[PDB]
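Trainee: Numbering (UniProt numbering), first residue to last: 39 to 413.
Using N, Cα and C, we set each Cβ at its ideal position, and we do this for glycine too.
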Amino acid sequence: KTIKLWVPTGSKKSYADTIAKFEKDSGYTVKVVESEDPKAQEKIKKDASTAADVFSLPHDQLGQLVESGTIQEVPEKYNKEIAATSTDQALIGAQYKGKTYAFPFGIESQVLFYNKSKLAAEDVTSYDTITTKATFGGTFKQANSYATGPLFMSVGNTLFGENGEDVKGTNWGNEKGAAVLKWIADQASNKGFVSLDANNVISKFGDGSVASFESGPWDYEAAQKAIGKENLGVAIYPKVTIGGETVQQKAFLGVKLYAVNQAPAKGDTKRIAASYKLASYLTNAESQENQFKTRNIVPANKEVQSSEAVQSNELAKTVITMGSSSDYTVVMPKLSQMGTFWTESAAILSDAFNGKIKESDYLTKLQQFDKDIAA
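#1: For a test of the three-state rule: what should DSSP assign to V342, helix, strand or coil?
#2: In the DSSP assignment, find the unbroken beta strand (DSSP E) run with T208 in it and report its ends.
#3: With H, G and I counted as helix, E and B as strand and the rest as coil, what does DSSP make of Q133?
#4: Using three-state DSSP, classify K69 as helix, strand or coil.
#5: By how many angstroms is the C-alpha of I274 removed from the C-alpha of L157?
#6: In terms of alpha-carbon separation, which member of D126, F290 and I358 lies closest to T186?
#7: Between which two residues does the beta strand (DSSP E) containing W256 stretch?
#8: Compare the Cα-Cα distances from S253 to each of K288, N328 and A86 and report the closest residue.
#9: From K115 to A122, what distance separates their C-alpha atoms?
#10: Output yes or no for whether 7 Å exceeds the beta carbon distance between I109 and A297.
#11: Under 7 Å Cβ to Cβ from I265, same chain only, skipping five residues before and after it: list those, please.
#12: What is the DSSP secondary structure of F151, reduced to helix, strand or coil?
#13: Assess, as a yes-or-no matter, whether the stretch 297 to 313 is touched by the stretch 323 to 332 under the definition of 3 or more beta carbon pairs within less than 8 Å.
#14: Helix, strand or coil for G107 per DSSP?
#15: CA-CA distance, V369 and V293?
#16: From the DSSP output, read off the bridge partner residues of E146.
#17: For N237, is the classification buried or exposed, using 16 other Cβ atoms within 10 angstroms of its Cβ as the cut-off for buried?
#18: For the candidate residues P255, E268 and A384, whose alpha-carbon lies nearest to that of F330?
#19: Under a Cβ-count criterion, where at least 16 other Cβ atoms within 10 Å of its own Cβ denotes burial, should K179 be classed as buried or exposed?
#20: Contact defined as beta carbons within less than 8 Å: I believe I222 pairs with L100. What is the distance between those atoms, to the nearest angstrom?
#21: Suppose only complete runs of 4+ residues qualify. What are the alpha helix (DSSP H) ranges in the stretch 294 to 364, listed by chain order?
#22: Here's the rule: buried if 16 or more other CB atoms are within 10 angstroms of the residue's CB, otherwise exposed. What is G48?
Here it is in structure tokens:
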């Protein structure tokens, strides 16, 4: 009566109390092993004997694990609990073709970081205002698709249709997509836009040549240190004016999941039930509260999201606003054709900024993109 759990690196101690509570309530023992979330899929394929009963993963890999038969639909009991307690965006993270396969525990989104000695709060709600009054820095020469890929969805185009599950639904090859490429190209002559490399985002923020930039919670500490805690502002993504339309700038949402792999239980339904119970425990309000407090995990649970501790933390509050609605975030699609998206979107965004494609080529390149990705 032992089940194996894979938890994110560093996290084991954070979860000790949660696990003890589960152990005391279920009478199962839990073997807890740290293991990198992004590698869970590879690890399972390589050695299914050693595979954990319960493991953390990023939702962007959930579609693959479903399609290989590794993760099965959760029991209806848990489906109801997850839908009730999670944000709608988090649930979309946990679902694939209409079924729930995992338990959200966390969310992540990029935000706008700015220097309060260079920009007032009032002036960071609009990209046009930011670059009129100060500077915005981005890595446009070597485009980051995670960062600026969502511009295409910001203007009302989709990545694999509205639900992110139609392999033929990506529709950038139109005037709105072309207008995204135009805006990219225009940033080269926008006097408030500063062309960055990955390795100088933070240092140019520190030296004051970049007043603002977009990144995730992983850069929060470095931003703080670059200009001083008291000078660091955090805000939601601004509006941006593309093709003469002012629209909300979107980012991707990442949803952090626990899932159950039934295979190591070999038909033992008592143990499978225990595995779902563990996942439920790991991702309930109490655990998410503890995970925010100990490891600054931004909760997927609506109730913890609105807690004073979380709402008083400007980074967490901002990530939550971004994850609160599809007005701000696109939940990263799960289809394997995302592979093409990463490669081709980066190249086209780069080429538009660098002038390796011209305006008269924007539409044909985007139409070709739409064809390529639909394979």
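Mentor: Considering the structure as presented:
#1: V342: helix per DSSP, three-state reduction.
#2: It is not in any beta strand (DSSP E) - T208 carries neither H nor E in the DSSP assignment.
#3: Note: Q133 maps to strand in three-state DSSP.
#4: Strand at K69.
#5: Taking the Cα positions, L157 is about 14 Å away from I274.
#6: Among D126, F290 and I358, the Cα nearest to that of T186 is on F290.
#7: Here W256 belongs to no beta strand (DSSP E), and DSSP marks it neither H nor E.
#8: The shortest Cα separation from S253 among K288, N328 and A86 belongs to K288.
#9: Taking the Cα positions, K115 is about 11 Å away from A122.
#10: Taking 7 Å as the Cβ cut-off, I109 and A297 qualify as a contacting pair.
#11: Closer than 7 Å at Cβ, skipping near neighbours: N153, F243 and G244.
#12: For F151, the three-state secondary structure derived from DSSP is strand.
#13: As far as the Cβ criterion goes, the stretch 323 to 332 does not touch the stretch 297 to 313, which means the pair count is below three.
#14: In the structure shown, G107 falls within a coil segment according to DSSP collapsed to helix, strand and coil.
#15: Rounded to whole angstroms, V369 to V293 spans 8 Å at the Cα level.
#16: DSSP, once it has assigned bridges, lists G292 as partnering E146.
#17: Its Cβ having fewer than 16 others within 10 Å, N237 is exposed.
#18: Ranked by Cα distance from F330, the options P255, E268 and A384 are led by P255.
#19: Using a 10 angstroms sphere on the CB of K179, the tally of other CB atoms stays under 16, which defines it as exposed.
#20: Actually they are not in contact, since the Cβ atoms of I222 and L100 sit about 31 Å apart, beyond 8 Å.
#21: Taken in chain order, the complete alpha helix (DSSP H) segments of 4 residues or longer contained in the stretch 294 to 364 are 307 to 320, 323 to 333, 340 to 343, 346 to 349 and 352 to 361.
#22: Residue burial annotation: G48 is exposed, with fewer than 16 other C-beta atoms found within 10 angstroms of its C-beta.
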